[PDB]
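Structure record follows, encoded as structure tokens.
Residue numbers (our numbering), protein chains in the order written: chain A, 420 to 531; chain B, 285 to 384; chain C, 1470 to 1509; chain D, 1238 to 1557; chain E, 597 to 1228.
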């Protein structure tokens, strides 16, 4: 990622200022979080794919240049973030059970 | 989204089809804390670990059993993150777990 | 500069209005008195 | 005749320029030293103090005075030429404004560079309501950009197209105006400028896989429609047809970044040629170009120190 | 409606405001606002009002938009009371319908075009192709190529395909629509052959490009046929919408626009005045009186005889104030004798310009078009022509009097005792011309000089008035002070003009004349002395400009010798009319130059005027370019 971020600053650190307008809006910013159930023992919680694009093309010529490839990097934020977004929601499931579980384990073993 | 990172570098992400807005002056992410609750929902939610936020119990104390979209903490630029991966691994594995 | 004239007159109106609300509340404060008294 | 006056002054301005070793030194410096180092050199005299933003802003403001007010000062061909440079800054400004206006993203949200066209014009421009009106605001200073917009408007009046077709149209417009402007070096440079723009354009838009025809910029002479078409298909062998061209290091290149690196320098070596220009503006242009390359670098190296980035990270990009 | 306590708006030159304000107070008006500076105080505004206004704007704009797609736009005439809502409503069905027709109509034109282009080459491709369009066992690739290109692609193909293609072309002129049929397996190699070449496939828009060619062809063919007829229908409907709806559109337009202004007016004044002019509020007892008159100095927006005629209109423009020094107006009565009086022609020069004037009140037929100058129809603004009837009078007069000093001229270029010239000969008057002759000429030249003298006085006198009545001692002394010089100037000329008189007679007087000048120029102190040389250029200029107005005039009359008395052979009464081959031409040449002529006067005048000698337009400053000013 960090490539592009840093390649902002190249000839467009200064045109970050420009860019933040100048490239910004070819796509809905924000949400598209399409909440997903994974339904198992380990109940149901929301996961999601925020399945709306994060876009990157909206400008012509390839305009100022750094922009397009860099904006293309944003993809590789979005998409990638999903893996972890969805594995950790599984984590939270996996916490619960174990914890809860043992609570009863204990109880049975330790009073009943 | 709802991101913060290094603000300036978060900036790029947030531009196309994405979203963040917080700034560096709450290094615990007040920057998220309130903001999150401002709608109570965003595409997702993420952070710099600089903006120290796995005190997400802070967040939980507001959310109160709400399923907010929740962090990915980030160091905002390369400088070896693989620690808090294998650590992120420990973050369950020590403490959700028979693992220690 | 006539000016003042119209820029004051709108003010003249206000001090009678202000005075109205006050004169208003008194009627209620009257009813407050009776409302206790008759019940005691 | 008469560039004499221009020439003497600019030579005095050229005195404030830095050692190469600055850029080298910078490679290893801390941010505090970065601040000191810039503050001891000419952009530095309005350095806004401590912090990275201060640097960027200083660079802008320093150019604002050193370049930005130059065109006015008589109005011969050269003066027009300076006007064109600063006008490119205007062109961006305009685009941004257009977008701001278009995207329902108010007046506040835009900030602009120095140019021939400056804040108040812009303020009016934003504050002009209609796309027709915007173009008419441009008619206020009267420029080929003015002309370009009015021409662009005839078919369409909404941002994205207006901009695309405008950019193309505009560059065509510049070319003609430039045929009327008669520094041979700049004439050559325009064709090459056209070419460079095509190479990068073709490069960014390659893998669209499309016709050259949608956005083949024109005035190419190491380029033509076919090469454009080819590159757009993915074909770096287009770059390998470079062989004895000025653009000669672009052969063996596969990626846009490297492409751009090579290009910026190629254009720079050429840009530096105009030195002791008779009509001054080879030299003034060069002074400008160099100031850019310098400026870019100040900022690069600044980041490098500021964020504590590796040497190797800028080492590539501080060399032409 | 809005402004229920009800608005009047008056607009104007900034200076006039107090006097305007007074005129408005008198009328029956009350609650006069803002009255210097601005920002009313409980007589302002709210976005609700604005919103409703916005609705009027939407209609207003909409009426125009729909009117646009059809073509033309409306004119100020009859609005009508509407619901705003009603107006908005009204616009919607009709506009949508028309708009709908429009939308189809361009699409139809494009269709027609595209279809026409593609059908024939595609037909050629189809004709070769049959049976093998279908097959994907085998693959076929259409592309068009030209006939030089027929060897180049053929080579690309030859290298890839070898002979495992059989290679076909069918003509349609401009090239041959071409097929390669190859195995499906061979397809990349074949496409690639085209790619190396840069030869292009006849892929076509839409679903159509993609298709089996034969089938595609059928659809394409249908489009070609269909579109003009379709177009006719849509076009009829659109045309129909203009015919009926044009009045409707206008009435709506007028209303919507006026409303938009009306609404706006209320909003700007609400807040913050006209600027420097004046708003204000009437109960309806006050409302009738007020608008009708309140003296011309301003523009409002509502909730012998020859010598009198344009001047009469200047009387009002005298009355607009700014200062105690006198205002714009003078120009029109000042110009006229000389304006006309450069024109000093003859039978073929001046004296035929009536016909043209008679083509501004009668017209012409004999070439293309003109019908009525009163109805001023045109190639470039019509409108103006109606307005400039004030000018049509002055022009008809310009020629009439101009012809007349031509006829003064022909007193002295006819009559056999005065010159050698004929009284009235067998050729034409003004015959072997002689005003050219140096001594005769000298008098006409010296004639010119005099008008320039008048102007010297007129300007500097007005400066002394400037400082007198605008009170500036600085202006007063400047305008007065230069006249201190003048007696001595008159001395210097006179010693050559009489060859004697002065300059050595009144040249002793010069010695004292030069000091008097610099006294009050010195009273202002004035390091700003040097300028006085330059003033010396100006006097001479008056002469020269007039001189040319004569000389170029005179030259013009002497050109009719080489126009109409002579120009090949020597011109008698047949070769004379061999000059008439040229003669008709000379009229049109004459026309061109005379446009040039008049402008020197005004330039001359402007020298004086815009040295602020009676005029407060000058380099801007309220009042407006003189070009625009004097004409009424």
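Using N, Cα and C, we set each Cβ at its ideal position, and we do this for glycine too.
Separation of the CB atoms of residue 287 of chain B and residue 304 of chain B is rounded to 3 Å, and the pair is thereby assigned contact status at 8 Å. In this structure, the straight-line span from the alpha carbon of residue 326 of chain B to that of residue 455 of chain A is close to 15 Å. Residue-level contact by beta carbon fails for residue 1239 of chain D and chain A, as no gap is shorter than 8 Å.
Sequence-distant Cβ neighbours of residue 1326 of chain D in its own chain, meaning closer than 7 Å and more than five residues away, are 1350, 1351 and 1352.
Interface flag for residue 637 of chain E against chain C is set, since a Cβ pair is found closer than 8 Å. A straight-line Cα-Cα distance of about 16 Å links residue 366 of chain B and residue 500 of chain A. The bridge partners DSSP lists for residue 896 of chain E are E:606. Residues of the region 1534–1549 of chain D with a C-beta atom less than 8 Å from some C-beta of chain A are 1536, 1537, 1540 and 1546, listed in chain order.
In terms of beta-carbon proximity, residue 631 of chain E lines the interface with chain C, with at least one pair separated by less than 8 Å.
For residue 1121 of chain E, the secondary structure class from DSSP, reduced to helix, strand or coil, is coil. Contact holds between the region 657–665 of chain E and the region 680–695 of chain E, because three or more Cβ pairs, one in each stretch, are under 8 Å apart.
With fewer than 16 other CB atoms across the displayed protein chains lying within 10 angstroms of its CB, residue 1095 of chain E is exposed. Assigned with DSSP and collapsed to three states, residue 513 of chain A falls in helix.
When the beta-carbon positions are compared, residue 737 of chain E and residue 786 of chain E come within less than 8 Å of each other. Interface annotation, residue 1489 of chain C: not in contact with chain E, CB-CB separation never under 8 Å. Cβ contact annotation for residue 1449 of chain D (same chain, cutoff 6 Å, sequence separation greater than five): 1462, 1465 and 1466, in chain order. Contacts with chain A (Cβ-Cβ distance below 8 Å) from the region 1351–1365 of chain D involve no residue at all. By the beta-carbon neighbour count (other beta carbons within 10 angstroms, threshold 16), residue 490 of chain A is buried.
Of all residues in the region 492–512 of chain A, only 492, 493, 496, 497, 500, 503, 504, 507 and 510 place a beta-carbon less than 8 Å from a beta-carbon of chain B.
With fewer than 16 other Cβ atoms inside 10 Å of its own Cβ, residue 458 of chain A counts as exposed.
In the structure shown, residue 455 of chain A falls within a strand segment according to DSSP collapsed to helix, strand and coil.
Close partners of residue 1553 of chain D in chain A (Cβ separation under 9 Å) are lacking, with about 11 Å as the shortest Cβ gap.
Close to residue 461 of chain A, with beta-carbon spacing below 9 Å, lies no residue of chain B; the smallest spacing is near 13 Å. Annotation for residue 1476 of chain C: the continuous alpha helix (DSSP H) segment containing it runs 1475–1506. Within the DSSP bridge table, the entry for residue 466 of chain A names A:455 as partners. In terms of Cβ geometry, residue 833 of chain E and residue 697 of chain E form a close pair [threshold 8 Å]. A contact between stretches requires three or more CB pairs, one per stretch, nearer than 8 Å, and the region 1100–1109 of chain E meets this requirement with the region 1077–1091 of chain E. Burial state of residue 486 of chain A is buried, judged by a 10 Å Cβ sphere holding 16 or more other Cβ atoms.
In chain order, 1475 make up the part of chain C whose C-beta sits under 9 Å from the C-beta of residue 627 of chain E. Here residue 1021 of chain E carries a coil assignment [DSSP, helix/strand/coil]. Of the residues E:1036, E:1035, E:1011 and E:638, the one whose Cα lies closest to the Cα of residue 1024 of chain E is E:1011.
Runs of alpha helix (DSSP H) with 4 or more residues, each lying fully within the region 1291–1358 of chain D, are found at 1314–1339, listed in chain order.
Neighbours of residue 1441 of chain D in chain A, taken as residues whose beta carbon is under 7 Å from its own, are 481, 484 and 487 in chain order. Bridge partners of residue 735 of chain E according to DSSP: E:778.
Straight-line measurement puts the Cα of residue 606 of chain E at about 12 Å from the Cα of residue 621 of chain E. The alpha-carbon of residue 674 of chain E is positioned some 39 Å away from that of residue 962 of chain E.
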